[PDB]
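For reference, the structure discussed in these notes is given below.
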Amino acid sequence: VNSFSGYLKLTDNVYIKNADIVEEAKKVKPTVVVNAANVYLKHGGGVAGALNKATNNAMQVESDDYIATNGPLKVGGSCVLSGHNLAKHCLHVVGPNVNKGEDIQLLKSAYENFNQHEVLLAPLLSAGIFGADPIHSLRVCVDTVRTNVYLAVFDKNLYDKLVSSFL
Ligand SMILES: Cc1nc(N)ccc1Br
């Protein structure tokens with residue numbers, strides 16, 4: 001049993017809810033929250049900016065030190081950093097950004113990072129300002145992630161469309 005409440009079960013391991021991810025993390029304090037990161041861990045806007053704002057910029061401070069030591073992530077890659085006040089850990093995952101011309105086939109590689117964690121609170125990778133079709137992102141998630149993933153979709157309209165269209 002876990003603390004996640006109000007989710008729609010899509011499969012054996014994938015659950016979904018219409019929710020503000022900063023609010024859900026604050027309530028649950030999951031072991032792992034996933035950030036929709038870029039390779040520079042520049043959390044300006046999108047899920048990354050919303051999460052970072054909720055940490056009072058401590059996520060960005062920690063991320064800048066990580067990049068100064070290690071250099072940029074790969075598209076499709078990830079790193080584990082602190083979850084600050086939101087979670088034990090934040091898994092920063094880089095999905096391809098269609099608005100930068102990145103290979104959408106890298107979305108499967110991005111979701112494979114989730115398999116290193118037994119339970120996660122996550123957004124749909126490459127959705128929102130990363131420009132991918134969220135219906136596609138949910139299909140890749142279901143077909144790639146084998147660990148237990150709790151997906152938070154910010155937009156009620158999109159949530160209802162993802163559920164209604166789910167095969
Ligand atoms: C305030 C916000 N903005 C986004 N772009 C995504 C999630 C959230 Br919460």
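Keep in mind that the numbers below use all heavy atoms, side chains included, and drop hydrogens, waters and symmetry copies. Residue numbers start at 1 and run along the sequence shown. Remember, it's 1-based here, ligands and their atoms both numbered in the order they're listed.
A donor and an acceptor atom, one from each side chain of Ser137 and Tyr111, are located under 3.5 Å apart.
Using bins of under 30°, 30° to 60° and over 60° for the plane-to-plane angle, the ring pair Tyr150/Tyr7 lands in the perpendicular bin.
Contact annotation: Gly128 has no heavy atom less than 4.0 Å from any atom of ligand 1.
Taking the six-membered ring wherever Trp is involved, the centroid distance between the rings of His43 and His92 falls below 6.0 Å.
The protein heavy atom nearest to atom 3 (N) of ligand 1 is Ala50 CB, 3.9 Å. Of all protein heavy atoms, the one closest to atom 9 (Br) of ligand 1 is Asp20 OD1, 3.1 Å.
The 12-atom threshold is exceeded at CG of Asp64, counting heavy atoms of other residues, nucleotides or ligands nearer than 6.0 Å.
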